[PDB]
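Asks: This is the structure, below, for whatever I ask next.
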Amino acid sequence: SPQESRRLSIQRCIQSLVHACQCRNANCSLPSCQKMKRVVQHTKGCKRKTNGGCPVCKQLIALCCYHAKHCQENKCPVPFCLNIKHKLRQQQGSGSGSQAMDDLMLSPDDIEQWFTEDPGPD
Ligand SMILES: [Zn+2]
Ligand SMILES: [Zn+2]
Ligand SMILES: [Zn+2]
């Protein structure tokens with residue numbers, strides 16, 4: 001199924017995201033660690049975050065929201081996860097399922113563009 005490949009790509013980026021948020025080795029050798037650290041340091045200093053119109057915060061929110069549904073830690077390292085878990089425990093309570101029942105709202109190859117074609121000089 002294409003949903004398994006989609007879940008695998010999203011899980012690649014979610015593991016890279018939680019890794020990047022807990023990575024005390026900052027100038028790390030992992031490829032997606034450095035890609036996630038760029039967008040995490042960006043959004044922490046941003047003023048147009050998803051609610052406004054920022055595409056990098058919105059694209060980071062897509063993977064952080066997919067992550068937060070499954071995450072169960074008291075104080076997880078991901079910046080948006082805590083906020084998303086609080087609103088989801090208030091609204092949904094029971095979280096989300098697996099594979100065929102997941103946050104399938106995005107393309108798995110497009111997540112690889114979100115960290116390559118993001119806002120900057122040209
Ligand atoms: Zn790292
Ligand atoms: Zn932003
Ligand atoms: Zn989390």
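Numbering starts fresh at 1 for the residues of each chain in the structure tokens, the chains themselves are lettered A, B, ... in the order given, and ligands are numbered from 1 as they appear.
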Which residues are near ligand 3 in this structure, taking near to mean any atom at most 12 Å from a ligand atom and counting only C-alpha atoms and all ligand atoms? Format them as number ranges by chain.
Replies: A: 14-15, 17-19, 21-22, 63-86
Asks: Using only C-alpha atoms and all ligand atoms, which protein or nucleic acid residues are at most 12 Å from ligand 1, as a list in words?
Replies: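 For ligand 1, the residues inside 12 Å are residues 15, 16, 17, 18, 19, 20, 21, 22, 23, 24, 25, 26, 27, 28, 29, 30, 31, 32, 33, 34, 35, 36, 37 and 38 of chain A.
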Asks: Let me see the file: selected residues, N, CA, C and O atoms, as a CSV table (one decimal), in the first residue's frame.
Replies:
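The resulting file, part.csv, is shown below:
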chain,number,residue,atom,x,y,z
A,15,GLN,N,11.2,10.8,13.5
A,15,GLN,CA,12.4,10.4,14.3
A,15,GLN,C,13.5,11.4,14.1
A,15,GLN,O,14.1,11.8,15.1
A,16,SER,N,13.7,11.9,12.9
A,16,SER,CA,14.7,13.0,12.7
A,16,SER,C,14.4,14.3,13.5
A,16,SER,O,15.3,15.0,13.9
A,17,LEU,N,13.1,14.6,13.6
A,17,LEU,CA,12.6,15.8,14.3
A,17,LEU,C,12.8,15.7,15.9
A,17,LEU,O,13.4,16.6,16.5
A,18,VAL,N,12.4,14.5,16.5
A,18,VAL,CA,12.6,14.3,17.9
A,18,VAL,C,14.1,14.2,18.2
A,18,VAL,O,14.5,14.7,19.2
A,19,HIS,N,14.8,13.6,17.3
A,19,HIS,CA,16.3,13.5,17.4
A,19,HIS,C,16.9,14.9,17.4
A,19,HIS,O,17.5,15.3,18.3
A,20,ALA,N,16.5,15.8,16.4
A,20,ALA,CA,17.0,17.1,16.3
A,20,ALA,C,16.7,18.0,17.5
A,20,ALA,O,17.5,18.8,17.9
A,21,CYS,N,15.5,17.8,18.1
A,21,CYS,CA,15.1,18.5,19.3
A,21,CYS,C,15.9,18.1,20.5
A,21,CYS,O,16.2,18.9,21.4
A,22,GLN,N,16.2,16.8,20.7
A,22,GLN,CA,17.0,16.3,21.8
A,22,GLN,C,18.5,16.2,21.5
A,22,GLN,O,19.3,15.9,22.4
A,23,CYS,N,19.0,16.5,20.3
A,23,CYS,CA,20.4,16.4,19.9
A,23,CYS,C,21.3,17.5,20.5
A,23,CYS,O,21.3,18.7,20.1
A,24,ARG,N,22.1,17.1,21.6
A,24,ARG,CA,23.0,18.0,22.3
A,24,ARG,C,24.4,18.1,21.6
A,24,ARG,O,25.3,18.8,22.1
A,25,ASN,N,24.5,17.4,20.4
A,25,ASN,CA,25.7,17.3,19.6
A,25,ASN,C,25.6,18.3,18.4
A,25,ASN,O,26.3,18.0,17.4
A,26,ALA,N,24.7,19.3,18.4
A,26,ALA,CA,24.2,20.3,17.5
A,26,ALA,C,24.8,20.3,16.0
A,26,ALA,O,24.0,20.2,15.1
A,27,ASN,N,26.1,20.3,15.8
A,27,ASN,CA,26.8,20.2,14.5
A,27,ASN,C,26.9,18.7,14.1
A,27,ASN,O,27.9,18.2,13.5
A,28,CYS,N,25.8,17.9,14.3
A,28,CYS,CA,25.6,16.5,14.1
A,28,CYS,C,25.8,16.0,12.6
A,28,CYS,O,25.6,16.8,11.7
A,29,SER,N,26.2,14.8,12.4
A,29,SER,CA,26.4,14.1,11.1
A,29,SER,C,25.2,13.6,10.4
A,29,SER,O,25.3,13.3,9.2
A,30,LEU,N,24.0,13.5,11.1
A,30,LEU,CA,22.8,13.0,10.4
A,30,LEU,C,22.2,14.0,9.4
A,30,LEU,O,22.2,15.2,9.8
A,31,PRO,N,21.7,13.7,8.2
A,31,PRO,CA,21.3,14.6,7.2
A,31,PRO,C,20.0,15.3,7.7
A,31,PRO,O,19.9,16.6,7.6
A,32,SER,N,18.9,14.6,8.1
A,32,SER,CA,17.7,15.2,8.5
A,32,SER,C,17.7,15.9,9.9
A,32,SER,O,16.8,16.7,10.2
A,33,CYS,N,18.7,15.6,10.7
A,33,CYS,CA,18.9,16.3,12.0
A,33,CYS,C,19.2,17.8,11.8
A,33,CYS,O,18.4,18.6,12.2
A,34,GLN,N,20.1,18.1,10.9
A,34,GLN,CA,20.5,19.4,10.5
A,34,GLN,C,19.3,20.2,9.8
A,34,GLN,O,19.1,21.3,10.0
A,35,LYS,N,18.5,19.4,9.0
A,35,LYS,CA,17.3,20.0,8.3
A,35,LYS,C,16.3,20.4,9.3
A,35,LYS,O,15.7,21.4,9.2
A,36,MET,N,16.0,19.5,10.3
A,36,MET,CA,15.1,19.8,11.4
A,36,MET,C,15.6,20.9,12.3
A,36,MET,O,14.8,21.9,12.6
A,37,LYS,N,16.8,21.0,12.7
A,37,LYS,CA,17.4,22.0,13.5
A,37,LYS,C,17.3,23.4,12.9
A,37,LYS,O,17.1,24.4,13.6
A,38,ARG,N,17.4,23.5,11.5
A,38,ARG,CA,17.2,24.7,10.8
A,38,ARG,C,15.8,25.3,11.0
A,38,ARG,O,15.6,26.4,11.3
Asks: Enumerate residues in contact with ligand 2: an atom-to-atom distance of at most 7 Å, counting only C-alpha atoms and all ligand atoms. Format the result as an MDAnalysis selection string.
Replies: chainID A and resid 42:43 46:49 54:57
Asks: Only N, CA, C and O atoms, please: the residues just picked out, written as a PDB file, in the first residue's frame.
Replies:
ATOM      1  N   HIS A  42      14.436  28.423  13.283  1.00  0.00           N
ATOM      2  CA  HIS A  42      13.668  29.425  12.541  1.00  0.00           C
ATOM      3  C   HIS A  42      12.337  29.737  13.259  1.00  0.00           C
ATOM      4  O   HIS A  42      12.096  30.890  13.619  1.00  0.00           O
ATOM      5  N   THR A  43      11.482  28.728  13.483  1.00  0.00           N
ATOM      6  CA  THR A  43      10.144  28.927  14.066  1.00  0.00           C
ATOM      7  C   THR A  43      10.175  29.543  15.472  1.00  0.00           C
ATOM      8  O   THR A  43       9.310  30.352  15.819  1.00  0.00           O
ATOM      9  N   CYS A  46      10.306  33.212  14.693  1.00  0.00           N
ATOM     10  CA  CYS A  46       9.312  33.648  13.709  1.00  0.00           C
ATOM     11  C   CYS A  46       8.125  34.419  14.334  1.00  0.00           C
ATOM     12  O   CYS A  46       7.764  34.213  15.500  1.00  0.00           O
ATOM     13  N   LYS A  47       7.523  35.318  13.540  1.00  0.00           N
ATOM     14  CA  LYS A  47       6.376  36.180  13.900  1.00  0.00           C
ATOM     15  C   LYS A  47       5.147  35.994  12.989  1.00  0.00           C
ATOM     16  O   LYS A  47       4.106  36.605  13.240  1.00  0.00           O
ATOM     17  N   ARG A  48       5.241  35.150  11.951  1.00  0.00           N
ATOM     18  CA  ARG A  48       4.175  34.845  10.967  1.00  0.00           C
ATOM     19  C   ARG A  48       3.758  33.367  10.939  1.00  0.00           C
ATOM     20  O   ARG A  48       3.051  32.957  10.011  1.00  0.00           O
ATOM     21  N   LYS A  49       4.168  32.600  11.961  1.00  0.00           N
ATOM     22  CA  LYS A  49       3.899  31.166  12.208  1.00  0.00           C
ATOM     23  C   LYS A  49       2.507  30.758  11.731  1.00  0.00           C
ATOM     24  O   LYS A  49       1.583  31.532  11.961  1.00  0.00           O
ATOM     25  N   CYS A  54       3.311  31.769   7.363  1.00  0.00           N
ATOM     26  CA  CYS A  54       4.641  31.181   7.186  1.00  0.00           C
ATOM     27  C   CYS A  54       4.585  29.712   6.701  1.00  0.00           C
ATOM     28  O   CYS A  54       4.002  28.861   7.392  1.00  0.00           O
ATOM     29  N   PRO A  55       5.165  29.376   5.527  1.00  0.00           N
ATOM     30  CA  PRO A  55       5.128  28.021   4.987  1.00  0.00           C
ATOM     31  C   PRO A  55       6.074  27.061   5.720  1.00  0.00           C
ATOM     32  O   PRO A  55       5.723  25.895   5.879  1.00  0.00           O
ATOM     33  N   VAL A  56       7.238  27.512   6.206  1.00  0.00           N
ATOM     34  CA  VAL A  56       8.190  26.653   6.939  1.00  0.00           C
ATOM     35  C   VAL A  56       7.619  26.240   8.299  1.00  0.00           C
ATOM     36  O   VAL A  56       7.640  25.042   8.597  1.00  0.00           O
ATOM     37  N   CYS A  57       7.028  27.153   9.079  1.00  0.00           N
ATOM     38  CA  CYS A  57       6.335  26.790  10.318  1.00  0.00           C
ATOM     39  C   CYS A  57       5.167  25.835  10.005  1.00  0.00           C
ATOM     40  O   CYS A  57       5.052  24.785  10.633  1.00  0.00           O
TER      41      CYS A  57
END
Asks: Atom CA of residue A:39 to atom CA of residue A:60: how many Å, to one decimal?
Replies: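 Between these atoms lies a distance of 7.1 Å.
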Asks: Given only C-alpha atoms as the basis, pick out the residue of A:103, A:52, A:13, A:92 nearest to residue A:115.
Replies: A:13
Asks: Just to confirm, what's the straight-line distance from atom CA of residue A:121 to atom CA of residue A:10 in Å (one decimal)?
Replies: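 Distance between the two atoms: 27.5 Å.
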Asks: Could you go through chain A and tell me which residues DSSP, when run on the backbone, assigns to helix (DSSP H, G or I), listing them as a PyMOL selection string?
Replies: chain A and resi 2-22+31-43+55-70+81-91+110-113
Asks: Go ahead and save the residues from that selection, with C-alpha atoms, as a PDB file, in the first residue's frame.
Replies:
ATOM      1  CA  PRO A   2       1.174   3.636  -0.687  1.00  0.00           C
ATOM      2  CA  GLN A   3       0.022   4.509   2.885  1.00  0.00           C
ATOM      3  CA  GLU A   4       2.831   2.268   4.311  1.00  0.00           C
ATOM      4  CA  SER A   5       5.491   4.127   2.242  1.00  0.00           C
ATOM      5  CA  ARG A   6       3.855   7.449   3.337  1.00  0.00           C
ATOM      6  CA  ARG A   7       3.945   6.330   7.017  1.00  0.00           C
ATOM      7  CA  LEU A   8       7.639   5.250   6.598  1.00  0.00           C
ATOM      8  CA  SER A   9       8.705   8.685   5.124  1.00  0.00           C
ATOM      9  CA  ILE A  10       6.737  10.589   7.818  1.00  0.00           C
ATOM     10  CA  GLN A  11       8.268   8.295  10.551  1.00  0.00           C
ATOM     11  CA  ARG A  12      11.776   9.013   9.044  1.00  0.00           C
ATOM     12  CA  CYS A  13      11.120  12.749   9.435  1.00  0.00           C
ATOM     13  CA  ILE A  14       9.412  12.383  12.904  1.00  0.00           C
ATOM     14  CA  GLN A  15      12.377  10.362  14.269  1.00  0.00           C
ATOM     15  CA  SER A  16      14.698  13.008  12.694  1.00  0.00           C
ATOM     16  CA  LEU A  17      12.556  15.788  14.347  1.00  0.00           C
ATOM     17  CA  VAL A  18      12.573  14.315  17.912  1.00  0.00           C
ATOM     18  CA  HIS A  19      16.299  13.505  17.403  1.00  0.00           C
ATOM     19  CA  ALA A  20      17.025  17.124  16.290  1.00  0.00           C
ATOM     20  CA  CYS A  21      15.081  18.539  19.272  1.00  0.00           C
ATOM     21  CA  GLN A  22      17.015  16.283  21.778  1.00  0.00           C
ATOM     22  CA  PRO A  31      21.256  14.608   7.244  1.00  0.00           C
ATOM     23  CA  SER A  32      17.671  15.227   8.527  1.00  0.00           C
ATOM     24  CA  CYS A  33      18.945  16.286  12.017  1.00  0.00           C
ATOM     25  CA  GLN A  34      20.499  19.446  10.489  1.00  0.00           C
ATOM     26  CA  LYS A  35      17.342  19.971   8.290  1.00  0.00           C
ATOM     27  CA  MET A  36      15.053  19.829  11.383  1.00  0.00           C
ATOM     28  CA  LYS A  37      17.420  22.031  13.533  1.00  0.00           C
ATOM     29  CA  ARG A  38      17.183  24.742  10.780  1.00  0.00           C
ATOM     30  CA  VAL A  39      13.338  24.861  10.880  1.00  0.00           C
ATOM     31  CA  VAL A  40      13.174  24.503  14.732  1.00  0.00           C
ATOM     32  CA  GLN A  41      15.604  27.458  15.235  1.00  0.00           C
ATOM     33  CA  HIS A  42      13.668  29.425  12.541  1.00  0.00           C
ATOM     34  CA  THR A  43      10.144  28.927  14.066  1.00  0.00           C
ATOM     35  CA  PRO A  55       5.128  28.021   4.987  1.00  0.00           C
ATOM     36  CA  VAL A  56       8.190  26.653   6.939  1.00  0.00           C
ATOM     37  CA  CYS A  57       6.335  26.790  10.318  1.00  0.00           C
ATOM     38  CA  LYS A  58       3.186  25.285   8.605  1.00  0.00           C
ATOM     39  CA  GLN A  59       5.261  22.440   7.012  1.00  0.00           C
ATOM     40  CA  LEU A  60       7.015  21.776  10.378  1.00  0.00           C
ATOM     41  CA  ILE A  61       3.520  21.748  12.067  1.00  0.00           C
ATOM     42  CA  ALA A  62       2.374  18.998   9.609  1.00  0.00           C
ATOM     43  CA  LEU A  63       5.046  16.516  10.892  1.00  0.00           C
ATOM     44  CA  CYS A  64       4.891  17.794  14.540  1.00  0.00           C
ATOM     45  CA  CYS A  65       1.060  17.283  14.576  1.00  0.00           C
ATOM     46  CA  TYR A  66       1.415  13.741  13.110  1.00  0.00           C
ATOM     47  CA  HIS A  67       4.067  13.083  15.873  1.00  0.00           C
ATOM     48  CA  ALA A  68       2.046  14.615  18.791  1.00  0.00           C
ATOM     49  CA  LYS A  69      -0.915  12.206  18.160  1.00  0.00           C
ATOM     50  CA  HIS A  70       1.356   9.188  19.002  1.00  0.00           C
ATOM     51  CA  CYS A  81       4.334  18.591  20.485  1.00  0.00           C
ATOM     52  CA  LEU A  82       3.522  19.772  24.068  1.00  0.00           C
ATOM     53  CA  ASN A  83       0.985  22.409  22.862  1.00  0.00           C
ATOM     54  CA  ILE A  84      -0.541  19.974  20.292  1.00  0.00           C
ATOM     55  CA  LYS A  85      -0.831  17.167  22.967  1.00  0.00           C
ATOM     56  CA  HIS A  86      -2.550  19.585  25.415  1.00  0.00           C
ATOM     57  CA  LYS A  87      -5.165  20.717  22.795  1.00  0.00           C
ATOM     58  CA  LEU A  88      -5.578  17.089  21.514  1.00  0.00           C
ATOM     59  CA  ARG A  89      -6.039  15.644  25.077  1.00  0.00           C
ATOM     60  CA  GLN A  90      -8.653  18.415  25.636  1.00  0.00           C
ATOM     61  CA  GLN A  91     -10.448  17.856  22.210  1.00  0.00           C
ATOM     62  CA  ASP A 110       6.786  16.740  -0.457  1.00  0.00           C
ATOM     63  CA  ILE A 111       8.218  16.510   3.128  1.00  0.00           C
ATOM     64  CA  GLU A 112      11.648  16.210   1.421  1.00  0.00           C
ATOM     65  CA  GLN A 113      10.919  19.539  -0.436  1.00  0.00           C
TER      66      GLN A 113
END
Asks: Please report the interatomic distance between atom CA of residue A:104 and atom CA of residue A:119 in Å with one decimal.
Replies: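 It comes out at 24.5 Å.
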